[PDB]
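Overview (structure and organization)
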Amino acid sequence: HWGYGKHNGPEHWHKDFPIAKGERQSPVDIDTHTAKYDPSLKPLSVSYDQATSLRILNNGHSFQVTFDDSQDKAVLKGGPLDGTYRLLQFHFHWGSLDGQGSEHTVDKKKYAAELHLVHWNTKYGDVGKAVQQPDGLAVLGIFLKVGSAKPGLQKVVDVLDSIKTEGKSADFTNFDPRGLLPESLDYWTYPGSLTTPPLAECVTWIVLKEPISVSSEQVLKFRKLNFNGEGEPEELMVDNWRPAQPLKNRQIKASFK
Ligand SMILES: [N]S(=O)(=O)[C][C][C][C+]123[B@]45[B@@]67[B@@]89[C@@]1%10B81%11B698B746B814B562B%10%1143
Ligand SMILES: [Zn+2]
């Protein structure tokens, strides 16, 4: 039932998912002057060389590229994390215009979109078990701004016409998620939640400081997706972002000075 519109959007979610009003909800505004540089934080280890992408899917809330997570093929380690986290999927949040779309904000700045690479902690064995744990997931968040094209995104863009509506999927093998990363792995980190239902408070967020640039043609193709299923009234898939939630008793740490 949930979505992003007036009658089923973020302000309604708490009725079915009461943790929406919890103590560690995401996203948040990252106040750059308040975030503390932590010299104990390690460099992030992103090991995606052996990634095996499987499918691309329109689930009526975003589109996702799914990966084989049955072995340590594409893993996140280091940074704020203990142990090893396997990549399961990535997806995006974006706006109707370039001045909104991101979930996290930086000194109240909204980016045009935000990429989430979702990983789960191998010590819990599968993602369904991991979402029940406070250290179950690690989501790597990357901002998108509009400028030059991102070559590593083009393969994704070019298949979106095949998954226009909710419930459509396609084969999406041999996609290298390394092509979606910025140069720097400088990051902010804090304890939070999923930003969609079920809003589980299971995520260590790692938000990269450096945005990637994508072209206007690339983001325009995101905005041609539909929230609806085929045969239902057409509703453009845009503004699929949750606003910033209260920071409450949390510290955002920076890996960089
Ligand atoms: N914006 S966000 O918090 O990254 C949405 C994650 C929803 C998910 B919940 B169920 B499916 C999709 B997979 B699996 B857990 B794992 B987690 B990922
Ligand atoms: Zn997300």
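Residues numbered from 1 in each chain as written, not as in the entry; some residues may be left out. Chains lettered and ligands numbered in written order. Heavy atoms only, no water. Residues with missing side-chain atoms left out of burial classes, pairs and counts.

Topic: the packing of aromatic side chains
What characterises a pair of aromatic rings is the spacing of the ring centres plus the angle enclosed by the ring planes. If you walk through the whole model with that rule in mind, you get 15 aromatic pairs. Taking the centre distance of 5.6 Å and the plane angle of 65° together, the rings of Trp188 and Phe256 count as edge-to-face. Here the residue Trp188 occupies a position in strand β12 (residues 187-192), and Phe256 occupies one in the segment after β15 (253-254), the gap between them amounting to 68 residues. In terms of burial, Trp188 and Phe256 fall into one category: buried. An aromatic cluster of at least three residues, connected via ring pairs, comprises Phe63, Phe67, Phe90, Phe92, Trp94, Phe172, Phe175 and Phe222. One residue, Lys109, lies across the ring of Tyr111, its end atom 5.1 Å from the ring centre. (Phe/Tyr/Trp six-rings, centres within 6.5 Å; stacked < 30°, edge-to-face > 60°. Helix = DSSP H or I, 4+ residues; strand = E, 2+ residues; numbered from the N terminus. Buried < 20%, exposed > 50% of the residue type's maximum accessible area, 1.4 Å probe, protein only. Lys NZ or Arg CZ within 6 Å of the ring centre and 35° of its normal.)

As for the UniProt feature "active site" in the chain
Here the UniProt-annotated "active site" positions come out as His61. Within the fold, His61 resides in the loop between β4 (53-58) and β5 (63-67). The residues contacting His61, other than those within four sequence positions of it, are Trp2, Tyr4, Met237 and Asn240. (UniProt positions renumbered as here; feature names shortened; annotations may be inferred. Contact = heavy atoms within 4.5 Å.)

What about the pairing of strand β6 (residues 75-78)?
Strand residues, when the strand is regular, have side chains that alternate between the two faces of the sheet. Here four bridges tie strand β3 (residues 44-47) to β6, and the two strands are oriented antiparallel to one another. Each bridged residue has a counterpart across the sheet, and for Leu44 the counterpart in β6 is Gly78. Sheet topology note: the β6/strand β7 (residues 85-94) ladder contains two bridges and is antiparallel. Each bridged residue has a counterpart across the sheet, and for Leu76 the counterpart in β7 is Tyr85. Joining the antiparallel neighbours β6 and β7 is a turn of six residues, in which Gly79 adopts a positive phi near 60°. (Pairing = 2+ DSSP bridges.)

Quick notes on the coordination of the zinc ion (ligand 2)
Within the protein, the zinc ion (ligand 2) binds to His91 (NE2), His93 (NE2) and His116 (ND1); these donor distances fall in the range 2.0 to 2.1 Å. One way to put it: the four donor atoms around the zinc ion (ligand 2) meet at angles of 98 to 118°, and that makes the site tetrahedral. Mapped onto the sequence, the residues coordinating the zinc ion (ligand 2) show the spacing H-x1-H-x22-H. By relative accessible area, which is 1% here, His93 ends up buried. (Donors = N, O, S within 2.8 Å, 3.2 Å for Na, K, Ca; no water. Tetrahedral: all angles 85-135°; square planar, octahedral: opposite > 155°, others 65-115°.)

Topic: the site of ligand 1
Taken together, the residues surrounding ligand 1 are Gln89, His91, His93, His116, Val118, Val127, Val131, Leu194, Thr195 and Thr196. Measuring from a nitrogen atom of ligand 1, one finds a side-chain N or O atom of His91 at 3.3 Å. Within the contact set of ligand 1, a nitrogen atom lies 2.8 Å away from a side-chain nitrogen or oxygen of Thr195. In isolation ligand 1 has 440 Å² of accessible area, and contact with the protein removes 79% of it. The pocket occupied by ligand 1, as judged from atoms lying within 2 Å of grid points, is the largest pocket. At the level of elements, β7 and β9 (113-121) are the ones that each hand at least two residues to the shell around ligand 1. The element best represented in the shell around ligand 1 is β7, accounting for three residues. A class-by-class count of the residues in the shell around ligand 1 yields four nonpolar, six polar and no charged. (Near = heavy atom within 4 Å. Polar contact = N/O pair within 3.5 Å; in protein donor to acceptor, adjacent residues only side chain to side chain. Areas by Shrake-Rupley, 256 points an atom, 1.4 Å probe, with all protein chains shown as cover. 1 Å grid on protein atoms, 1.4 Å probe; cavity = no way out; pocket = protein on both sides within 12 Å on 5 of 7 lines; lining within 4 Å. Sits in = over half its atoms within 2 Å of the grid points. Nonpolar A, V, L, I, M, F, W, Y, C, P; charged D, E, K, R; others polar.)

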